[PDB]
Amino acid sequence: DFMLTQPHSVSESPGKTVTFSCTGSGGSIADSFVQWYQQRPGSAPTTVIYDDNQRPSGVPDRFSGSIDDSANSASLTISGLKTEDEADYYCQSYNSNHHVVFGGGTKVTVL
């Protein structure tokens, strides 16, 4: 089965940069678009990146998505970290049957 492997925590001080990845297992990351969601406790996820690297309207440009074909991975980078960025982030894509697959999630802690 196609799975997405994600580390579960990163932490930095305000103003710094964090990045974390989502690695494909059982399939190629490049075959399907990768999305990233931010999620706050008890609330629905909101899109921060769709279609590998696109930001919806209103998402600050300090959020950026990338794909590393050689590593079979997708990454989310948050520059100029803000206190309000402390939340959980999930990558998401699709398997060969067009069904949804989620990464395990990363908690960004702002110090």
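Just count from 1 along the sequence shown to find any residue number.
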### Task
Determine, for stretches 50-58 and 22-30, which one has the higher mean CA B-factor as deposited.
22-30
### Summary
With B-factors read from the PDB entry, the higher C-alpha mean of 64-72 and 38-46 is in 64-72
### Task
Going by the recorded CA B-factors, say which third of the chain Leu4 sits in, lowest, middle or highest.
lowest
#### Entry: Chain thirds of CA B-factor: placement of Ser13
highest
### Message
Can you tell me whether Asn95 has a C-alpha B-factor in the lowest, middle or highest third compared with the other modelled residues of the same chain?
### Response
middle
